[PDB]
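Asker: Count the sequence shown with the deposited numbering and you get residues 190 to 244, 249 to 280, 283 to 413, 419 to 627, in order.
Idealized CB from N, CA, C, for every residue including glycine.
First the structure, then my questions, so here it is.
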Amino acid sequence: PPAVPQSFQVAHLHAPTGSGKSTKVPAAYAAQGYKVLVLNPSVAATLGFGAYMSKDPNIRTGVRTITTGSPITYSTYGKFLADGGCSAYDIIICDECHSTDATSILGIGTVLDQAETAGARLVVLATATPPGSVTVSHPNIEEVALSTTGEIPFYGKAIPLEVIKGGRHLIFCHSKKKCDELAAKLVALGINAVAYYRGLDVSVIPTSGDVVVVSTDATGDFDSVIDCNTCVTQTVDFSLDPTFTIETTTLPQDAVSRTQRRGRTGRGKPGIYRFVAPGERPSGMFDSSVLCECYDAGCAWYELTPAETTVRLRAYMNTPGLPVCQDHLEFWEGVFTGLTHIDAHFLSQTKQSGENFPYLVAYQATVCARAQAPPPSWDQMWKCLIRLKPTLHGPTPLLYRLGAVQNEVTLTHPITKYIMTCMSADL
Ligand SMILES: CC(C)c1ccc(Cn2cc(CC(=O)O)c3ccc(-c4cc(N)cc(N)c4)cc32)cc1
């Protein structure tokens, strides 16, 4: 238990997930008379530690807020951001501080930039999977390499039928077209194959007997888990056509990713993990398009100027022991700064709808509406514009590229031109 210091310290705390760090740790600090805040990315986790310690801490999530007068608060990073960040606490624990979702990143950076001014003595950056870590072996999971033999084609290797006859098995595949293709062949060999991915109702998975569930990362109880060892990963490309493209890329998975997928077996009883590849990237590198996400979340959810968002991301990049990324702070701040007078109605629909880049989407929707032009495609991304579809004609004033573009485009909008400058100035 890192002692509370005389001057402000940032501390790192690497210890297994579940053991001590969101639970025993804060309680020991409180037992010494300190005020302590414990930050977590997930709502369920924050309530999970709340309930478990209530046998009483303050609990601060978007959906539920309990104030109890306790010296211990469990918040998510998002609610922490919503509450204006640093008010009130001697000690702030950033739990699961490896997390590369926007919110967590803005959260920690916020804690890093502000904790000292606001009078804290200690910030503990806690996680069980700090940068460079690999997958540790699990007592309940036997791990067996797949070999070229077997009669089912699987990412260069093969799977034997014997391993997926009898019981429950989960096969992780990388995309959607690949889940369909694989489920289908198993149905054509008797086996009970069920594909799952974003845009399916969770009902379609049987609950009791034999199945081979072919899903992405979109109770389960599996006897076996089968992993293609790859992940579709969001990335940015500065393609100058006219500006940037948000697209995907399939990289070999990292440690936490291998963990997450292996952990779908061994749920108490024994488990089996069979792999396409023996290796893994180490964790601790994230794409530029995560920076774009921070500026997006900041502008859409957290009422931050681009500039404030930068101040918080700077603190995060000025701390050692954290996921590292390209320094595109001035670029990304530049971009969002030009993005003014969004339609609040469009913004509100792309937020509700769980869109990625809800701000950039609603902004391209805004620009489209005011021009009376259509969006770059009639995909699901552009749902907010359906009400107006009947009124919209001509070429799409294209700002950036978030997906497929079916409509002809104009490249001359002031916002398009402005962004273009940003990339020639800051890149
Ligand atoms: C998963 C991804 C698509 C996503 C979803 C949602 C958000 C925003 N967000 C995520 C969390 C975490 C939690 O639920 O505790 C959260 C909490 C409180 C607020 C909030 C509350 C008020 N009263 C005003 C404002 N402005 C914000 C927004 C939040 C960010 C990212």
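1) Pairs of beta-carbons, one from the region 552-567 and one from the region 588-606, closer than 8 angstroms: are there three or more?
2) Suppose you measure from the CA of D308 to the CA of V318; what does that come to, to the nearest Å?
3) Please specify which runs of the beta strand (DSSP E), each continuous and at least 3 residues long, are wholly inside the region 207-233, giving them in chain order.
4) For the beta strand (DSSP E) containing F475, list its first residue and its last residue.
5) Which stretch, first to last residue, makes up the beta strand (DSSP E) that contains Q434?
6) Per DSSP, what are the beta-bridge partners of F367 in this structure?
7) Got a sec, what are the start and stop residues for the alpha helix (DSSP H) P506 sits in?
8) Taking the alpha helix (DSSP H) that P614 belongs to, which residues open and close that run?
9) Answer yes or no: do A477 and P452 have a C-beta to C-beta separation smaller than 8 angstroms?
10) Need the endpoints of the beta strand (DSSP E) that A321 sits in, please.
11) Helix, strand or coil: how does DSSP classify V193 here?
12) Mark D496 as exposed unless 16 or more other C-beta atoms lie within 10 angstroms of its C-beta, in which case mark it buried.
13) Looking at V389: is its Cβ nearer than 8 angstroms to the Cβ of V408?
14) Got a sec, what are the start and stop residues for the beta strand (DSSP E) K352 sits in?
15) For the putative contact between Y267 and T298, defined by C-beta atoms under 8 angstroms, what is the C-beta separation to the nearest angstrom?
16) Taking the C-alpha atoms as reference points, what is the distance between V225 and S483?
17) Taking 7 angstroms as the cut-off, is the C-beta of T266 nearer than that to any heavy atom in ligand 1?
18) When the Cα atoms are used, what is the spatial distance from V436 to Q606?
19) Could you work out which residue in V397, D423, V432, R512 is closest to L529 when comparing CA atoms only?
20) Can you check which of these residues, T212, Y218, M620, is closest to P191 by C-alpha distance?
21) Would the beta-carbon of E508 be found less than 7 angstroms away from any heavy atom of ligand 1?
22) Hey, is the region 467-477 in contact with the region 420-434, meaning 3+ C-beta pairs nearer than 8 angstroms?
23) Taking the alpha helix (DSSP H) that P558 falls in, what are its first and last residues?
24) Might you give, ordered along the chain, the residues of its own chain that have their beta carbon closer than 7 angstroms to the beta carbon of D375, omitting 5 neighbours on each side?
25) Alpha carbon to alpha carbon, how far is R363 from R461?
26) Relative to the alpha-carbon of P205, which residue among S332, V432, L627, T540 has its alpha-carbon at the smallest distance?
27) Roughly how many whole angstroms lie between the Cα atoms of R464 and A340?
28) Whole angstroms is fine: what's the gap from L301's alpha carbon to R316's?
29) CB of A323 to nearest heavy atom of ligand 1: below 7 angstroms?
30) Which whole-angstrom value describes the C-beta separation of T550 and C584, a residue pair presumed to lie in contact below a C-beta threshold of 8 angstroms?
31) Figure out for me which residue from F273, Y350, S403, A413 has the closest Cα to the Cα of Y392.
32) Measure the alpha-carbon distance for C492 versus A565 and round it to whole angstroms.
33) Where do the N-terminal and C-terminal ends of the beta strand (DSSP E) with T269 fall, by residue?
34) Quick check: the Cα distance between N556 and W501, rounded to an integer number of angstroms?
35) Since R462 is in the alpha helix (DSSP H), which residue starts that stretch and which ends it?
36) Would the beta-carbon of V256 be found less than 7 angstroms away from any heavy atom of ligand 1?
Answerer: Put simply:
1) yes
2) 11 angstroms
3) 225-229
4) Where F475 is concerned, the enclosing beta strand (DSSP E) stretches over 471-475.
5) 430-437
6) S410, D427
7) 506-517
8) Note, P614: alpha helix (DSSP H), 614-625.
9) yes
10) Counting along the chain, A321 sits inside the beta strand (DSSP E) bounded by residues 317-322.
11) coil
12) buried
13) A Cβ-Cβ contact shorter than 8 angstroms links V389 with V408.
14) 352-354
15) So it is not a contact: roughly 16 angstroms between Cβ atoms.
16) 28 angstroms
17) no
18) 20 angstroms
19) The residue with the shortest Cα to Cα distance from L529 is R512.
20) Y218
21) no
22) The region 467-477 makes contact with the region 420-434, as at least three CB pairs between them are under 8 angstroms.
23) 558-571
24) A390
25) 15 angstroms
26) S332
27) 17 angstroms
28) 21 angstroms
29) no
30) 6 angstroms
31) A413
32) 18 angstroms
33) Residues 265-269.
34) 12 angstroms
35) 455-462
36) yes
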